[PDB]
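Before any questions on how it binds or moves, here is one chain, the form deposited in one PDB entry, in structure tokens.
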């Protein structure tokens, strides 16, 4: 499978994906990295790996559908099979999500369905859980609500900040996100017709 990775920042997940797709017997190759923001570290990581990049600035579009169509155009250019959202911070419109249904994965830093949203760590700490984690899911229109592929539990330490917890969870992210990409790329895991996850 030919893979795009969309990012908005650092790109530590991008890196784990790159390294994993270059292990032998990988069912995936990363062919393009798209950022909605210029001068983010993820872009340099992609270029250092020999992978082409684009910056599609979301602020230069009147609405989400137009921004999403610009992404889609690039995805076709590189005939992409699967899209991974790796720190991508833009909510995608209905038609884009529908088009990529069963073919687009996201990494979220909580054990869904707890702590949906971009500030999951802040929520985990506020709530006072001793166990949080991360989730790879198919992307549905409803944010952080698509079908769960893999999850990994991560302890919260008394006195954790958002920074310390975030770093501990990213270590788990870097395990399950490549694993889940291989599962979907190999056809081992699919979004079944009934809208439910299916393992072959």
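We call the rigid core whatever largest set of C-alpha positions still superposes within 1.5 Å between the two forms. Positions refer to the first chain, counted from 1.
Heads up, the form deposited in another entry isn't pictured, but that's what we're talking about next.
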I want to check residue 171: does it shift between the shown form and the other one by 2 Å or more at the Cα, with the core superposed?
no
Residue shift check between the shown form and the other one, rigid core fit, residue 160 Cα at least 2 Å
yes
How about residue 58 - superposed on the rigid core, does its CA move between the shown form and the other one by 2 Å or more?
yes
